[PDB]
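Have a look at the structure below before the remarks.
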Amino acid sequence: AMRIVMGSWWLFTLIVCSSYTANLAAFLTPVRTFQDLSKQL
Amino acid sequence: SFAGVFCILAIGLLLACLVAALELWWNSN
């Protein structure tokens, strides 16, 4: 009955734990320049 | 970003307060 309600709180915790793990591992793509016109910057 | 943990935790303890306030009052009932 009310067993379920507080267990519905440990949801959004893990939602955010999904979310930060989802996000910043993408953003890792420190030199990316291989030519003269590349290495201008 | 990283201190949302306790922002969920203390609200969960707030959810832990109401059913205890009704349970020990039912023991008083």
Dividing the convex hull volume of the Cα atoms of chain A by its residue count, what figure in Å³ per residue is obtained? 60 Å³
Quick check on chain A: helices-only [θ] at 222 nm, where DSSP H runs of length 4 and up contribute -39,500 (n - 2.57) each and the sum goes over total residues. Nearest 500, please. -11000 deg cm²/dmol
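Read-outs throughout are calculated quantities, based only on the coordinates presented, and are distinct from any laboratory measurement.
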